[PDB]
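Read the structure below first, then the notes.
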Amino acid sequence: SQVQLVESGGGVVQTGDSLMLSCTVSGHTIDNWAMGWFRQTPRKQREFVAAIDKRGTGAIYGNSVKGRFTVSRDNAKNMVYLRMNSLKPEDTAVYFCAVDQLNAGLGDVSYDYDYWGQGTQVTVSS
């Protein structure tokens, strides 16, 4: 498959700050796919963060980010977004976007996703 994902928007911020991650997809339209965000730490290789259905009407979130993060998408631009509010030191991680092409709703397990990007580093200073 010739699908390529490029995450951006990572950075170094203070506790309480906000970031807006984005991911641009090339090689295929995303308009029939669910899309997910995961994050990598020493303790979790791909911790689930968020997932959004093909039209953007539904979303699910990892327990530790509920109420703070918002996932969105723009199918015509082939882009997915993760708004991160109220950042905490334990949100420090490399953040990845990935494709769910199972056409079976929203899921939270990394092995069900494809076409991982190389991620974007988020560092939240204590």
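We did not get these values from a lab; they are worked out from the coordinates using the rules stated. Every residue, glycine as well, gets a Cβ built from its backbone with ideal geometry; the counts of neighbours run over all protein chains shown.
Computed about the Cα centre, the dipole magnitude for segment 4-102 is approximately 160 debye when only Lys and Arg (+1) and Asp and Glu (-1) carry charge, each at its Cβ. Report the relative contact order of segment 4-102, percent, no decimals, based on alpha-carbon pairs under 8 angstrom and at least 6 residues apart. Value for segment 4-102: 37 percent. Taken along the Cα-to-beta-carbon direction at a fixed 7 Å, the label points for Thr41 and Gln4 span 3.2 nm.
Taking the fewest neighbouring Cβ atoms within 10 Å as the starting point, the ordered list for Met35, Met20 is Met20, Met35. Each of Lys88, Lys66, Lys54 has some number of other Cβ atoms within 10 Å of its Cβ, and from fewest to most they run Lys66, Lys88, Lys54. The slack between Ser64 and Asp114, meaning 0.36 nm per residue of separation minus the straight C-alpha distance, is 15.7 nm.
Give the separation of the Cα centroids, segment 86-101 to segment 17-57, in Å. Each part's Cα centre sits 8 Å from the other's. Ignoring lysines fewer than eight residues from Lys88 along the same chain, the ones with Cα atoms less than 23 angstrom from its Cα are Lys44, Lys66. When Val12, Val3 are arranged by Cβ crowding within 10 Å, least crowded first, meaning fewest neighbours, the order is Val12, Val3.
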